[PDB]
Amino acid sequence: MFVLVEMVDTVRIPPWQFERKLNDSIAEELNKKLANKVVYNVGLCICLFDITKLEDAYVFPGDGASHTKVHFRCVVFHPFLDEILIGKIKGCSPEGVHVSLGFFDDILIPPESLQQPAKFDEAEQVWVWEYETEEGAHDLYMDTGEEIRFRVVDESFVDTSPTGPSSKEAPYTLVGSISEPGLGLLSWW
Amino acid sequence: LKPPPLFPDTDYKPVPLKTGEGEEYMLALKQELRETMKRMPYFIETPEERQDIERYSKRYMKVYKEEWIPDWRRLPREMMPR
Amino acid sequence: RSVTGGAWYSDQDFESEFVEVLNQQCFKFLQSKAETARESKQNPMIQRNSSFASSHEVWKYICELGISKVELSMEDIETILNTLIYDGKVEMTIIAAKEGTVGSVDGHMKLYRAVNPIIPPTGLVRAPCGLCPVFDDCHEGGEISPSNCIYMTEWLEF
Amino acid sequence: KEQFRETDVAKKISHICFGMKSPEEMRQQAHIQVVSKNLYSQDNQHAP
Amino acid sequence: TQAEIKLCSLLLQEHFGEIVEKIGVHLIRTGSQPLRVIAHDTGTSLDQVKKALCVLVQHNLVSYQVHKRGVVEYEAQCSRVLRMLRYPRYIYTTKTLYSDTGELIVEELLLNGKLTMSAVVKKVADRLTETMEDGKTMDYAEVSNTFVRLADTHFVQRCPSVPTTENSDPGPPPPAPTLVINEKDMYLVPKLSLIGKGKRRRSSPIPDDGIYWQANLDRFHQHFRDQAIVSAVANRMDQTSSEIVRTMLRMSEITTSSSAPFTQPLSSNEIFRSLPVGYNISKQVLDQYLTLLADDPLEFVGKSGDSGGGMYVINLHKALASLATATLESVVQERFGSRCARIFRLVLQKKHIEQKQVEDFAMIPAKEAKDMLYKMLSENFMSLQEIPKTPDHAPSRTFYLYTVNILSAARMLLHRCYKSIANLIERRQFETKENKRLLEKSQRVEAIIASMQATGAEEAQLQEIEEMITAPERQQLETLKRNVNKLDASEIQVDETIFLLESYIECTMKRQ
Ligand code: SF4
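Protein chains in written order, with the entry's author numbering: chain H, 1 to 167, 180 to 201; chain G, 32 to 113; chain F, 159 to 316; chain A, 3 to 50; chain C, 2 to 205, 227 to 534.
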């Protein structure tokens with residue numbers, strides 16, 4: 001699921017920094033600026049991988065800082081479709097089961113993905129399972145459970161940019189699949 | 032004070048359309064025509080781009096077609112598609 | 159041109175309803191006579207001669223049925239007939255005052271007898287855009303953006 | 003966790019391109035259509 | 002010409018696609034220029050520009066010309082991009098004049114743009130195989146017969162050909178092959194004898231090499247002009263008279279030029295011998311019809327001589343002036359009522375008049391005409407000429423004499439129609455793209471239902487598939503479809519107008 005992407009940016013180093021060697025300061029500043037945030041075309045950023053090249057460090061008039069342009073590589077969470085994944089549950093819903101990878105949580109298993117036999121619960125939100133001969137419609141999925149196996153089947157970016165003159181859902185969502193044998197709770201197999 | 036609404040009403044109205052078997056055939060022919068423009072080389076779409084991964088399915092579903100060439104004696108010798 | 163206005167100026171309106179209904183009556187009656195001519199297709203020379211609806215005879219047809227009790231003799235009738243001769247209800251067949259009854263009086267047969275609408279309506283008129291009072295405006299992305307022309311919206315509905 | 007956005011949009015002028023405004027754009031820029039000749043409300047509040 | 006440029010963009014998008022639209026619009030915007038600057042301006046890969054130009058010249062959309070300093074210039078004509086709208090009409094009248102084989106010939110010819118006889122007849126036969134079944138077959142013989150008949154009757158006209166290399170400019174070739182057009186063989190079909198039974202989609227060297235062909239657009243325009251004239255005549259007097267005028271047009275066409283104001287001389291004797299045997303008409307009856315037609319006060323036809331007893335010549339320029347005038351009356355009447363057309367025509371026939379005369383002579387009440395003339399004047403359908411009373415041309419010292427400039431009038435309607443078709447096209451595209459989600463949702467399940475039907479799968483899918491939300495939306499899909507159909511019918515009728523409006527602005531101009 002992890003992917004590596006190349007980037008470029010301009011970094012301002014405020015003047016009391018000048019003691020420490022530059023490369024370290026730019027690395028810190030980029031991690032500060034970009035870490036733990038999501039880009040509209042490449043997903044969720046983890047941290048920078050390395051810095052490839054550095055231009056000259058100008059000083060613009062009217063300011064003490066030094067501006068530098070940077071070429072750098074950053075590792076980003078961007079799972080592609082049909083990847084097999086293991087992840088804890090985080091909550092049931094009528095429209096599906098929410099799953100969590102710990103650092104990320106916007107995974108939904110819709111009921112169409114669930115196995116045919118089980119369609120709804122006894123009015124309790126904890127999703128139940130059913131099966132033909134054994135498992136007489138009594139297994140159910142705990143809201144955390146184990147790291148169930150599932151395979152991604154859909155994804156989307158949704159924009160959240162401001163609209164109109166100035167003066180909560182995450183911009184990324186995934187859909188998983190559970191139907192195929194060997195998936196779900198490990199105890200089943 | 033209030034300016035008029037963006038659509039002021041008009042007393043006259045557009046005259047009823049003429050219809051008939053010939054006109055129906057014109058309409059159907061126009062539709063059929065629209066369909067034809069989507070199934071020959073002259074319908075230049077953007078060349079396919081941006082594969083995600085080395086999906087094993089790539090072996091089978093790949094679209095196969097001969098390279099379109101016009102007869103070259105009618106055109107300048109400058110724009111060969113190779 | 160005061161109280162006179164042509165004696166049709168009764169009610170100080172040109173008596174619009176009466177002038178228009180009188181013109182419609184003349185038109186329909188001369189249609190009837192030209193229709194006798196057309197139904198007979200009389201030896202075409204005489205077909206068009208009978209399609210010369212004699213407007214002295216029209217003048218005598220319009221004094222009666224109680225229509226033109228008001229001033230009628232030539233002048234006032236001739237001029238209202240002429241009000242009908244200023245459009246596509248008519249076309250030149252007067253041949254001066256000497257051929258026909260005083261030129262069939264201003265040519266009140268001329269081509270009332272027919273001149274069928276040279277051509278039918280026009281797609282332009284039979285379409286919203288062309289009929290839209292507010293033209294111009296309607297710009298790709300704007301208030302009257304053609305993507306809402308209620309005229310169309312309606313023409314679409316109907 | 004929210005969509006990243008750049009914080010500094012600062013820039014520098016490089017050219018002035020003079021030109022003309024046609025009716026469509028002139029309407030598109032404007033907010034309202036002034037239609038009344040008068041300056042203030044009849045009441046003593048004198049609100050425009 | 003901006004509306005027109007919008008039409009070009011729309012029809013390039015609809016026929017060919019984005020990149021082709023982009024190149025075509027930029028070229029029709031900038032004029033004849035060499036390739037390198039086009040590639041620079043567009044900024045795309047020269048491969049795309051090259052491929053698009055090859056496709057465009059294949060359909061004869063664009064044209065390339067050798068130029069000074071050895072560079073090659075590429076150019077397009079705006080008129081040519083305004084023709085595919087007429088292709089339905091072309092196919093209809095050809096199906097009217099020829100069986101479905103001629104229809105297929107013409108369809109293939111226009112869709113390909115240029116093709117030779119052998120391959121077109123082969124492709125027509127192949128595409129006809131699915132039009133007859135139960136062991137029925139066909140040979141290239143009948144298709145060749147229809148093709149040669151079409152070519153003889155001038156609907157089919159030969160494309161240009163190269164000059165011979167070993168005859169002219171031996172050695173390295175020039176930048177462009179500089180094709181030349183030959184007129185004597187324009188209707189001369191080459192010869193073949195091959196015949197082949199078409200393959201019925203069972204899924205299990228050229229004698230006419232280089233002899234390409236393309237439909238004769240001018241013949242179709244002339245033929246349409248003839249049909250319009252006949253239709254005017256049929257409505258004018260009678261079906262018999264139009265059958266007569268359809269006659270004088272027949273012997274006129276084979277020898278008359280399309281551009282002259284007047285046809286070649288015709289005699290009633292040759293009209294009569296050409297007159298159908300199925301009509302019970304005598305020579306004297308024809309002579310009477312011709313004399314009274316020539317006596318028509320709209321001067322549809324004139325005498326112009328006495329050769330052969332009956333001698334008559336149709337007046338093209340004057341008629342089209344009448345054709346156009348009438349449609350001007352038409353647009354006025356509906357959009358402004360009969361009384362308004364009553365005044366407009368009055369002002370036309372009275373070359374110079376004033377309002378008080380109009381009210382007196384148009385039976386219009388005061389305070390009802392004045393505003394209406396102002397409306398016509400505001401709309402520029404009426405042009406004020408304004409002779410003065412004094413040289414300062416002060417409004418207090420002038421007469422408001424009205425005047426009509428028919429040629430200018432037509433031009434704005436052309437502009438109107440251009441915007442009109444543009445706005446229809448956009449709305450249809452807008453409707454298509456908004457409903458595309460439900461369209462594809464329906465199409466996938468229709469494909470699922472149509473799939474594996476012959477494989478013998480169980481019938482427990484017709485109702486099960488239908489259980490979804492699409493079913494109570496089919497009536498909305500039908501509403502969509504009729505809206506599209508109904509927009510298209512509107513487009514169609516507008517083209518029929520365009521033909522007459524364009525026919526006049528062409529005929530009224532001398533192009534000197
Ligand atoms: S407002 Fe709409 S209907 Fe009127 S002219 Fe403009 S596009 Fe056509």
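Note that beta-carbon positions come from the ideal geometry of N, C-alpha and C, so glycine has one too.
Go through its chain and collect everything with a Cβ distance to residue i's Cβ below 8 Å, but skip five positions before and after it.
{"i": "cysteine 307 (chain F)", "result": "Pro286, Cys287, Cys290, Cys296"}
{"i": "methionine 273 (chain C)", "result": "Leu288, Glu292, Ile293, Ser296"}
{"i": "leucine 523 (chain C)", "result": "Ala346, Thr349, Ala432, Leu435, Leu436, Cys439"}
{"i": "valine 26 (chain C)", "result": "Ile6, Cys9, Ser10, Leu13"}
{"i": "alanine 35 (chain H)", "result": "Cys45, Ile46, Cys47"}
{"i": "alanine 237 (chain C)", "result": "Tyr91, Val107, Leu110, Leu111, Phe156, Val157, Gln158"}
{"i": "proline 50 (chain A)", "result": "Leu41, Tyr42, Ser43"}
How long is the line joining the alpha carbons of residue i and residue j, rounded to whole angstroms?
{"i": "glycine 32 (chain C)", "j": "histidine 437 (chain C)", "result": "22 Å"}
{"i": "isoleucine 15 (chain A)", "j": "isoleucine 182 (chain C)", "result": "57 Å"}
{"i": "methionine 404 (chain C)", "j": "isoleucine 520 (chain C)", "result": "21 Å"}
{"i": "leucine 446 (chain C)", "j": "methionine 187 (chain C)", "result": "39 Å"}
{"i": "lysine 23 (chain C)", "j": "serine 512 (chain C)", "result": "28 Å"}
{"i": "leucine 186 (chain H)", "j": "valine 153 (chain H)", "result": "8 Å"}
{"i": "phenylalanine 120 (chain H)", "j": "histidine 98 (chain H)", "result": "16 Å"}
{"i": "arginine 7 (chain A)", "j": "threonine 163 (chain H)", "result": "14 Å"}
{"i": "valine 82 (chain C)", "j": "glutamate 495 (chain C)", "result": "38 Å"}
{"i": "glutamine 5 (chain A)", "j": "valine 38 (chain H)", "result": "5 Å"}
{"i": "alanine 211 (chain F)", "j": "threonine 237 (chain F)", "result": "17 Å"}
{"i": "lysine 69 (chain G)", "j": "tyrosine 95 (chain G)", "result": "17 Å"}
{"i": "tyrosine 56 (chain G)", "j": "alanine 40 (chain C)", "result": "42 Å"}
{"i": "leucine 106 (chain G)", "j": "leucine 180 (chain C)", "result": "9 Å"}
{"i": "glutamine 371 (chain C)", "j": "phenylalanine 284 (chain C)", "result": "25 Å"}
Residue i bridges to which residues according to DSSP?
{"i": "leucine 4 (chain H)", "result": "H:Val75"}
{"i": "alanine 165 (chain F)", "result": "Answer is none; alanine 165 (chain F) lacks a bridge partner."}
{"i": "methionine 333 (chain C)", "result": "C:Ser289"}
{"i": "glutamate 74 (chain C)", "result": "C:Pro35, C:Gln66"}
{"i": "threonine 117 (chain C)", "result": "C:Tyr234"}
{"i": "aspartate 9 (chain H)", "result": "H:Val70"}
Tell me which residues share the same chain as residue i and place their Cβ nearer than 7 Å to its Cβ, disregarding the 5 neighbours each side in the sequence.
{"i": "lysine 268 (chain F)", "result": "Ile243, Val248, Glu249, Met250, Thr251, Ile252"}
{"i": "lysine 199 (chain F)", "result": "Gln205"}
{"i": "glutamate 376 (chain C)", "result": "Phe421, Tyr422, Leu423"}
Could you give the DSSP three-state label for residue i: helix, strand or coil?
{"i": "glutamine 115 (chain H)", "result": "coil"}
{"i": "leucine 484 (chain C)", "result": "helix"}
{"i": "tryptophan 201 (chain H)", "result": "coil"}
{"i": "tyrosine 40 (chain H)", "result": "coil"}
{"i": "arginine 81 (chain C)", "result": "helix"}
{"i": "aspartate 83 (chain G)", "result": "coil"}
{"i": "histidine 266 (chain F)", "result": "coil"}
{"i": "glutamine 158 (chain C)", "result": "strand"}
{"i": "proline 202 (chain F)", "result": "coil"}
{"i": "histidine 98 (chain H)", "result": "strand"}
{"i": "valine 94 (chain G)", "result": "coil"}
{"i": "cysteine 529 (chain C)", "result": "helix"}
{"i": "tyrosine 440 (chain C)", "result": "helix"}
{"i": "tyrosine 188 (chain C)", "result": "coil"}
Give every residue of the same chain whose Cβ lies closer than 6 Å to the Cβ of residue i, excluding the five residues on either side of it in the sequence, and list them in chain order.
{"i": "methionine 110 (chain G)", "result": "none"}
{"i": "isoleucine 26 (chain H)", "result": "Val11, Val70"}
{"i": "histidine 243 (chain C)", "result": "none"}
Review point. Three or more C-beta pairs closer than 8 Å, one from the segment 166-185 of chain C and one from the segment 95-108 of chain C: is that the case here?
Key: no
Review point. For the segment 439-452 of chain C against the segment 499-516 of chain C, are there 3 or more C-beta pairs whose distance is under 8 Å?
Key: yes
Review point. How about the segment 82-95 of chain H and the segment 136-154 of chain H: do they share at least three Cβ pairs that are nearer than 8 Å?
Key: yes
Check your understanding: Are three or more beta carbon pairs between the segment 11-28 of chain C and the segment 52-64 of chain C nearer than 8 Å?
Key -> yes
Exercise for review: Mind the definition here: the segment 116-125 of chain C touches the segment 139-155 of chain C only if three or more C-beta pairs lie below 8 Å; say whether that holds.
Suggested key: yes
Review point. Between the segment 73-89 of chain G and the segment 35-55 of chain G, do at least 3 Cβ pairs fall closer than 8 Å?
Key: no
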